[PDB]
Every structure is written in C-alpha cells, then in structure tokens.
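Chemist: Chains as they are written, first to last, in the authors' numbering: chain A, 40 to 79, 85 to 99; chain B, 36 to 109, 126 to 393; chain C, 3 to 21, 27 to 67; chain D, 267 to 283, 289 to 332; chain E, 33 to 263; chain F, 14 to 103. Encoded as structure tokens, here's the structure I'll be asking about.
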Amino acid sequence: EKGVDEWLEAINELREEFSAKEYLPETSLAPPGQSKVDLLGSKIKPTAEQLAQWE
Amino acid sequence: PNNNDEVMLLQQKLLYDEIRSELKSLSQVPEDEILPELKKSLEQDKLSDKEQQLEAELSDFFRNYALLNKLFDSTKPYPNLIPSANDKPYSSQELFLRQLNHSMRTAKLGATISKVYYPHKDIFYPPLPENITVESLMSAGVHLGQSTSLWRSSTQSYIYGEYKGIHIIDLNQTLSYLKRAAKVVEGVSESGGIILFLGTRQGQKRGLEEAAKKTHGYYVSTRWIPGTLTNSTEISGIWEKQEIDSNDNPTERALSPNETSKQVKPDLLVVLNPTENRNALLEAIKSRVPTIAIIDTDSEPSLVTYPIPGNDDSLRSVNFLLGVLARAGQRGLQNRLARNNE
Amino acid sequence: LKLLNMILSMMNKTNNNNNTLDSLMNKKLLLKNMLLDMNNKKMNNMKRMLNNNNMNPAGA
Amino acid sequence: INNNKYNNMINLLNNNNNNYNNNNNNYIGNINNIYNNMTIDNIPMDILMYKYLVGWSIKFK
Amino acid sequence: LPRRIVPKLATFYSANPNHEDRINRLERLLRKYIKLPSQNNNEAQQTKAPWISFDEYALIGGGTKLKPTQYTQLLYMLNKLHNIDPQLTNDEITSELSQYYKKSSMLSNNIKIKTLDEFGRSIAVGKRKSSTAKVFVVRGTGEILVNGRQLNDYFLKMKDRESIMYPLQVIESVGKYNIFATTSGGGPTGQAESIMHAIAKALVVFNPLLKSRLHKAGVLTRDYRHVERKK
Amino acid sequence: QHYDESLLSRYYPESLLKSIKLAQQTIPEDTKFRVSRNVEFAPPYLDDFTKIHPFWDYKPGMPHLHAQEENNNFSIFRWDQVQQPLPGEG
Ligand SMILES: [Mg+2]
C-alpha cells in the first residue's frame, strides 16, 4: 500500500525534524522558508447576491 | 551554481500555498455534503494491516505535537518580503530592493568626488585638535562675528578687524583657545568626569547628542531649567542614577536611597550659545563647575573659564567646534579605557 | 479511519487542481498545516479558560 | 498579586496540569498551583484599605 | 576597578530625561531606516493604531513632568515607524514598538457573529422611551403583524406606520421580508419607533454590507431621550 | 482530586478527617467546578482553614455577631489591652 507507505514515511520524517529541536508551534511549524508564524478569520465573504444588492 | 537549492524551497512554498488554499475551500462546504459520504465509505471499507499503522501513528503524532505539547515557552534581511511569481512583474517592495541593489554597486560608477563639503561629516568625522588650521576654521565660518553696532567692547582683544559691517574674529587666537579648551575636555574625559553639553539653538540637538555619545557624556538641547545645579534636589533628585566601573559598564549594584538623592554635579559644562544661557553660566559659577563656551563678539568672555572666540550663530561653525571638542573627549575616554586593559 | 481518509480526501481535492513530490513532500506539508490548525485551537481554548477564572484576585 | 496568579495559571495550562471536554470545562487544575505563593502571610495585610491617616481637620465654634 | 555614581540617562539634565531618552531611541530607528518606504494602504486608512494612553505613558515618560505635546511627539514617531511597509519592516522596529502597544492580549472580545436561527429568522430588540420591541424578521413578501394584530389595527397613526417601514425603505426591501413584531410599554410613538429600531438591527444579519447605509439613515442609533424629572 | 485517608491523615487534624471523608463521598470525582464572577465567597489567597489566625480570625472567647459560645461562657475578663495585636512584625 504505497499510500500507507508514503504517509508513514512522511510521518516519521516529521517526527525527526521536530525532535531535532524543542517543539514550539510558532517555530517548528512555520511555512517553508519562514522563521515562525504566530498562533493568533471570521470575516465572512459576502455572497454574490449580498454584494449585488450593495452595488 | 547553487540556485537549485533556493528553487527546492520555492517549490515547497508554492505547494504549501496550494494546500492552504484548498483547506479553506473545504471550510465552506457544509458537513452534510462530506461527512455522511465519508463515513459511509469507511462503513463500506475494511482496514488493512498497513492502514492500521497510520491509524495509530497519526493518533500519536497528533497526540504528541498538537495536544500534549507546550503552546509557548517560558533571509535575515527583509524576512517578511512576499516574492512575486516569476511570470508576474516586480512588486513595489521588490522594486525598492532592486533599486537598493543598484544603489550599492552601480549608482556610484563614473567618478569620485573630492574637496566637497558634506555637512554631516562635521559631526561624524571631526578632525583632531592638532590638525586644525586657520583655513579649516575660516571654511566653517568661525571668523564671522556680530554687527559692529552690537559690539560688546570687552571682546576687543579677540577682534581681527571689521569687514562688511561685522567684526572679524582673530582665528589665530581662536585656534589657541580651541586647543586649550580641547585639552581640558580630554583631561576631564580621561579622568572620568561628567561632561555636559548645553546648546538650545534650533538644530544643535544632532551635534549635541553625538558629542555626548562619543564622550560618554550628557547633553541638553531643549531648555536649561533654572536651578538645575543650585536647586538640584528639587529638579533632578527623582531621576535615576547608576554605578559604573572603570570601563563605564554598569556594575548593577542597587543604590541606597541615600546615594540616589545626592546632587550629581557636572565636572565640565560646554555651552554653545552662552548669550542665551546666562542662568546656566551663573549656576556653574555658584557651583564651582568649570565651563567652556563659544564667545561671539557680543558675548561676555569673563563669564566662562575657557572661552573659545568664534561665530555662535552658524550651525556649521558651532558643529565644527563642537566636533573638535567631542573628538578630544573621545581620545581621553579611549586612553582611560586603554590603561585599564593594560 | 477518518483520521486517514480526511487527509487522503484533502489531497484528492488538491488532486483536482493537479489535473512524485505529492508522495512525500505534499504529504508532509499537509500534516504540518494540520498541526498549526490544531495548535491554534488549543491556544483559543486557553484564552477562554483564563477569561472564565479570576485572573485578577486582588483588584482589577 | 494579579500578575502572580495569571502566571500561575498560564504555567498550569501550558503544562497540561477529552478534546471535546477541552472546549466546555474551565477547571484549570489543582487549587495549590493556581494560588501558589499567595498565602495569608503576604496577601491580606498588603491589600487592606484605609490603613494610614493622611489628613485631619478639627473645627471649633 | 574604581567605581563611581553617574546619571543613568544621557538626558539626565533635561526637563524630562525619561521622555527625551525614549524619543532619542525612536529617532535613531527613523534615521537608520529613513529609506524604507511607507505603507500604501495608509490611503486605505488601515484601522490599526493601539497606542498606550497619555496616563499610561506617564508611568514611563516622566510622570508629572510629561506634557501633552511630548506625548503628541511620541505618537508621531510611533506611527511613522508603524506605518513602514509590513514586508520591508524588521525586528528591531517591531521590538521597540511592542512596548508602546496597549495591552489587550490576555483578554478577548465579547461579540459573536449574529446569524439567522433555525427557521431563518433574525431576532432583534429595540427600545424607545419606556417602550420595548422584539421583532422577528424572515424573508417573505411584506407581511407584518404587531402583537398578532394587523398593522392598521394596532397603529392608527400613519406616521407611526411610516416610521416602521423606513428601515426597509432605506435598503429598498419593503416587499422582501415578513415582520412579526411584539411590543410592550410606553405609547404608540415609543412602540412604533422601538420597532423601527429593532427592524434596522435585525436587517444587518441578512446583508452586513448595508450596515453603513442603515447607520447613515439614523435607524441604528438608540434614541436616548426619556422623560426627565424636573431638577 | 480525591485522596486516600492515609495521605489526608498526615496533614489534616483528626477532628477534620470525618468532614473530608463525607465530602469525598458526596462530591463526585468528575465534578467540573465553575468560578463565580458575582460573589467572592473564598478569600483572595489559598487557605485550608485548619488553623485559627490570632488576628485575621475572630478571637476565641470574645463576644461578636458569630460567637458560638453561650453568653455565660465568654473568656475575656480583662479589658485594659487591645485584644488582637497586629499580625506579623506587629
Ligand atoms: Mg552671535
């Protein structure tokens, strides 16, 4: 089952990367090539009918 | 040669944006569309030995780095730039960084500039007192005194002559007085004294702040509070003092309330505009604090210990003389820190 | 097995736009994103718990 | 005192002292940890009010 | 080795040594990063400027010595550093600015997004004088009921009826909703205008983009006037 | 948390163990205590309430609104000194 094989290879590589350093959400789980994203939306997007009425 | 390394990251960065974009797409879909169909598949599916591996590997991987973890703890330049796609044109921020790259390398090609006066260099690259000439003083405008109509005849001995309705200060004497004043600043700095630079004319702050910084001294650019020295306990007692070693590093020792209320008197006062700071000069006299000041043709020489005859109205002349005194202090400070090392 | 099928489904949706980095590179990129969404949930819960106790015992 | 209790809870939460129940209950943990270093020997006498006479006016007529 | 006591701040002999030192620190940053461009969203009037209050800055900026113009000077430099383009900003600037942000992180907001209920109804309450009104707005065809009675029966004055219709007339949705209004207390005018206020607050859920138009018409403002005991 | 009698019997006085046992049989272990933000019943500090403080508690034997002694069983017969001196340093 390559699906379970590649998933189980991806889960253990992640374990090693997080193990290398103290696991902190902001730092360890940052976007690729990013120092860290802070653990800090409900700005609903108007529907096409809502926006048409406003226009 | 190594560009591929960066390309490998960008690939992941692009993939990450794709994963996030479609994570938000599924956040809008109602659960009734996905959940029941998803559960039904599992009801119609049978787990295999391998499938179970991830059934518990992910449970722990999510029960270790998501639930049982510490949410908190008890590219270096411009790291927040959002690069644009290789097909899209440069963003406004990228154009700024693209221009900065040009400014460092190309923008200065073709010629060098010599024998041109740059105002900022008077503050940041002051000359040493021994290298000062009459030409340099004259280039700074130090010789331009006040109108002959405003003459304070007590300055007669500093005057070289009158020209174009103003008195010309004798720069030969200015140089000798400046060298003497500079040596005093160097001595006090090398001895560890408190040097205060006072100047309240518009524009002097920049020169005053740098002079204090390079001599480890103090400055006042806004207003001299009458009584700062004679009534120091009612004005300056509340402000914080600190103990320092011979290297001017804070010892960190907490100070007894007795030591924090005692008057802290300057060892030397430098006044850029003495005609507007009579209060400070009289307090210095009352407090036996030696003083240095630029003495223009309408200014009283005897009110200061070490007068420097010179134009006090031009920022260039003032910053030129202040720069020389500030560097003299710096050399004294460097000689004191050097004798401590060896 | 929603633990697995939901993550497989997520890649299926991304597969729509895709219409083998996806074997190990994308798979990892997804697990990490989920962990950052499960850590923000836990951060929000702490704020609720702290706002429902008496953070200010003596004056406020 | 207010910053000593907030720190106590922040630490008792960051150390984890049912995920579904982790969205309803607000019980932070052991009473001792929440009130660590807050005893009768240092809290009561420091918060008591009206403890110092600072003014007095005596009139006759 | 020999130790001596010296003033802590370079501005010790100034009128307000604490404020001048803080200004100097910000001025250094504005000099070191003079080239960095400023936000072009400033024209878009980004709604972010949570700086500490004058009284809060007086704890760190000289206390009684602190003058209002000195606080104004601090804000002009805090905003200028804050308005540097977010992409091109650095840690140094943000570190310095963090100490001046009003502390509101330990606490959270008390507002939860309003949504239609299980039957598609928007429920809002309004008050005028001594009257109160609870309205149920749902999408419909312009049917209105006041306390179970026809509008013309309950409200005899046409001006009271026109007041109830005004919020729907602003969003041009008079024939798009069914209103079930319940009112109690005060008299006809208080109840009619309390219903008016409650309909306006209930219409914002159907389209939050029309709140600005409702506010501009004046139907979302609670009328404060009440009978005052003569003093 | 519910503790075994052994542990509780090494820290609390015997007279108070029966109350602790009855409370551990009436309050279920899975009780989710809530914090009141209207009425503050407990003090702002932690206290087991096992010892009578000479100052912060009512003086034993003194008459007061919540005195539990009978009116003929008070033990304050001298009134020339302040009954409750200030706590700590004094
Ligand atoms: Mg002059």
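We put the beta carbon where it would ideally sit given N, CA and C, even for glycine.
As a quick check of your reading: which residues have a C-beta less than 5 Å from at least one non-hydrogen atom of ligand 1, in chain order?
Modeler: In chain order, the residues that have a beta carbon nearer than 5 Å to some heavy atom of ligand 1 are B:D347, B:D363, B:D364.
Chemist: Could you check whether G258 (chain B) and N370 (chain B) sit closer than 8 Å to each other, using their CB atoms as the reference points?
Modeler: The residue you call residue 370 (chain B) lines up with position 319 of the second sequence. The residue you call residue 258 (chain B) lines up with position 207 of the second sequence. In this structure, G258 (chain B) lies closer than 8 Å to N370 (chain B) by Cβ.
Chemist: Taking only beta-carbon positions, decide if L95 (chain A) is within less than 8 Å of chain E.
Modeler: Position 51 of the first sequence, counted from the start, is the residue given in the question as residue 95 (chain A). Residue contact check for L95 (chain A) against chain E: a CB pair falls below 8 Å.
Chemist: For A232 (chain E) versus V251 (chain E), is the C-beta spacing smaller than 8 Å?
Modeler: Counted from its first residue, the fifth sequence places residue 232 (chain E) at position 200. Counted from its first residue, the fifth sequence places residue 251 (chain E) at position 219. Their beta carbons are under 8 Å apart, which means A232 (chain E) touches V251 (chain E) by this criterion.
Chemist: State the Cα-Cα distance for the pair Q102 (chain E) and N50 (chain E), rounded to the nearest angstrom.
Modeler: Here the question's residue 102 (chain E) lines up with position 70 in the fifth sequence. Here the question's residue 50 (chain E) lines up with position 18 in the fifth sequence. Rounded to the nearest angstrom, the two C-alpha atoms are 11 Å apart.
Chemist: Using CA coordinates, which residue listed in A:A92, A:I50, A:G72 is at the minimum distance from residue 17 (chain B)?
Modeler: Because chain B here runs from 36 to 393, residue 17 (chain B) falls outside it and cannot be looked at.
Chemist: Tell me, which residues are paired with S70 (chain E) by DSSP?
Modeler: Within the fifth sequence, numbered from 1, the residue matching residue 70 (chain E) stands at position 38. According to DSSP, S70 (chain E) bridges with E:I116.
Chemist: Classify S49 (chain F) as buried or exposed, calling it buried when 16 or more other Cβ atoms lie within 10 Å of its own Cβ.
Modeler: Mapped onto the sixth sequence, residue 49 (chain F) falls at position 36. Around the CB of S49 (chain F), fewer than 16 other CB atoms lie within 10 Å, so the residue is classed as exposed.
Chemist: Could you list which residues in chain B have their beta carbon closer than 7 Å to that of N280 (chain D), in chain order?
Modeler: Mapped onto the fourth sequence, residue 280 (chain D) falls at position 14. Neighbours of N280 (chain D) on chain B, chain order: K105, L106, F107.
Chemist: Who are the Cβ neighbours of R382 (chain B) in its own chain at under 7 Å, not counting the five residues just before and after it?
Modeler: Taking the first residue of the second sequence as 1, we reach residue 382 (chain B) at position 331. Counting only Cβ-Cβ distances below 7 Å, and skipping sequence neighbours, we find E237.
Chemist: Where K271 (chain D) and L98 (chain E) are concerned, what is the direct C-alpha to C-alpha distance, given to the nearest angstrom?
Modeler: Looking up residue 271 (chain D) in the fourth sequence gives position 5. Looking up residue 98 (chain E) in the fifth sequence gives position 66. Going from the Cα of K271 (chain D) to the Cα of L98 (chain E) covers about 32 Å.
Chemist: Would you say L249 (chain B) and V340 (chain B) are within 8 Å of each other, going by their C-beta atoms?
Modeler: Walking along the second sequence from the start, residue 249 (chain B) turns up at place 198. Walking along the second sequence from the start, residue 340 (chain B) turns up at place 289. Contact: no.
Chemist: Under a CB-based cut-off of 8 Å, is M320 (chain D) close to chain F?
Modeler: Walking along the fourth sequence from the start, residue 320 (chain D) turns up at place 49. So no, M320 (chain D) is outside the interface.
Chemist: State whether the segment 195-205 of chain B contacts the segment 216-226 of chain B, with contact taken as three or more CB pairs (one from each stretch) at a distance under 8 Å.
Modeler: yes
Chemist: Rounded to the nearest angstrom, what separates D347 (chain B) and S46 (chain E) at their Cα positions?
Modeler: As a working mapping, residue 347 (chain B) is identified with position 296 in the second sequence. As a working mapping, residue 46 (chain E) is identified with position 14 in the fifth sequence. In a straight line, the C-alpha of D347 (chain B) is about 25 Å away from that of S46 (chain E).
Chemist: Got a sec: is the Cβ-Cβ distance from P70 (chain A) to anything in chain E below 8 Å?
Modeler: For the purposes of this step, residue 70 (chain A) is taken as the residue at position 31 of the first sequence. Not one chain E Cβ lies under 8 Å of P70 (chain A).
Chemist: Going along the chain, which unbroken runs of the alpha helix (DSSP H) with 4 or more residues stay wholly within the segment 41-82 of chain B?
Modeler: List check, alpha helix (DSSP H) in window: 66-78.
Chemist: Count the other CB atoms, across all protein chains shown, that sit within 10 Å of the CB of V355 (chain B); report buried if there are 16 or more and exposed otherwise.
Modeler: Reading the second sequence from its first residue, position 304 is the one you call residue 355 (chain B). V355 (chain B) comes out buried.
Chemist: If I measure Cβ to Cβ from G300 (chain D) and keep anything under 6 Å in the same chain, skipping five residues before and after, which residues do I get?
Modeler: Here the question's residue 300 (chain D) lines up with position 29 in the fourth sequence. Closer than 6 Å at Cβ, skipping near neighbours: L278, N283.
Chemist: For residue 277 (chain E), which residues does DSSP report across the bridge?
Modeler: Given that chain E is displayed from residue 33 to residue 263, the structure contains no residue 277 (chain E) and the question cannot be resolved.
Chemist: Is the beta carbon of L366 (chain B) closer than 8 Å to that of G254 (chain B)?
Modeler: Within the second sequence, residue 254 (chain B) is the residue found at index 203, counting from 1. Within the second sequence, residue 366 (chain B) is the residue found at index 315, counting from 1. Cβ distance < 8 Å, so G254 (chain B) and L366 (chain B) count as in contact.
Chemist: Closest to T284 (chain B) by CA distance: which of E:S195, E:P34, E:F44, E:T253 is it?
Modeler: Taking the first residue of the second sequence as 1, we reach residue 284 (chain B) at position 233. Residue E:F44 is the option with its Cα nearest to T284 (chain B).
Chemist: Below 8 Å on the Cβ atoms is my guess for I50 (chain A) versus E92 (chain B); work out the distance and round it to an integer in Å.
Modeler: Position 11 of the first sequence holds residue 50 (chain A). Position 57 of the second sequence holds residue 92 (chain B). Sure, about 5 Å apart at Cβ, within 8 Å.
Chemist: For a minimum of 3 consecutive residues, which ranges assigned as the beta strand (DSSP E) are wholly contained in the segment 251-336 of chain B?
Modeler: 269-271, 292-295, 319-322
Chemist: Please report the straight-line C-alpha distance between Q223 (chain E) and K161 (chain E), rounded to a whole angstrom.
Modeler: Position 191 of the fifth sequence, counting from 1, holds the residue named residue 223 (chain E). Position 129 of the fifth sequence, counting from 1, holds the residue named residue 161 (chain E). For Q223 (chain E) and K161 (chain E), the distance between alpha carbons rounds to 9 Å.
Chemist: Give the DSSP bridge partners of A156 (chain E), in chain order.
Modeler: As a position in the fifth sequence, residue 156 (chain E) is number 124, starting the count at 1. E:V167, per the DSSP bridge assignment.
Chemist: Let me check understanding here. Comparing Cα to Cα, which of E:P118, E:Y89, E:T221 lies closest to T104 (chain E)?
Modeler: Walking along the fifth sequence from the start, residue 104 (chain E) turns up at place 72. It is E:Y89.
Chemist: Hey, quick one: how far does the beta strand (DSSP E) through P360 (chain B) stretch, first residue to last?
Modeler: Translated into the one-based positions of the second sequence, residue 360 (chain B) becomes position 309. Its beta strand (DSSP E) spans residues 357-360.
Chemist: Alpha carbon to alpha carbon, how far is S67 (chain A) from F57 (chain A)?
Modeler: Residue 67 (chain A) sits at position 28 when you count from the first residue of the first sequence. Residue 57 (chain A) sits at position 18 when you count from the first residue of the first sequence. Roughly 6 Å between the two C-alpha positions.
Chemist: Mind checking the segment 234-254 of chain E against chain A and listing, in chain order, the residues whose C-beta falls within less than 7 Å of any C-beta there?
Modeler: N239, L241, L242
Chemist: Quick one: list the residues of chain F neighbouring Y306 (chain D), beta-carbon separation under 7 Å, in chain order.
Modeler: Along the fourth sequence, one-based indexing puts residue 306 (chain D) at 35. Those are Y58, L59, listed as they occur along chain F.
Chemist: Which residues of chain C have a Cβ atom closer than 9 Å to the Cβ of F248 (chain B), listed in chain order?
Modeler: On the second sequence, residue 248 (chain B) is found 197 positions in, with the first residue counted as 1. What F248 (chain B) touches in chain C: nothing, since even the nearest Cβ is about 45 Å away.
Chemist: What does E40 (chain A) reach in chain C if we use C-beta pairs closer than 8 Å?
Modeler: As a position in the first sequence, residue 40 (chain A) is number 1, starting the count at 1. What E40 (chain A) touches in chain C: nothing, since even the nearest Cβ is about 11 Å away.
Chemist: I'd like the list of long-range same chain contacts for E18 (chain F), defined as Cβ closer than 8 Å, with 5 residues on each side in sequence excluded.
Modeler: Working through the sixth sequence from its first residue, we reach residue 18 (chain F) at position 5. Excluding sequence neighbours, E18 (chain F) sits near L30, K34.
Chemist: Considering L235 (chain E), what are the terminal residues of the alpha helix (DSSP H) in which it resides?
Modeler: Sequence index remark: in the fifth sequence, residue 235 (chain E) carries index 203 (1-based). Unbroken alpha helix (DSSP H) run through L235 (chain E): 220-235.
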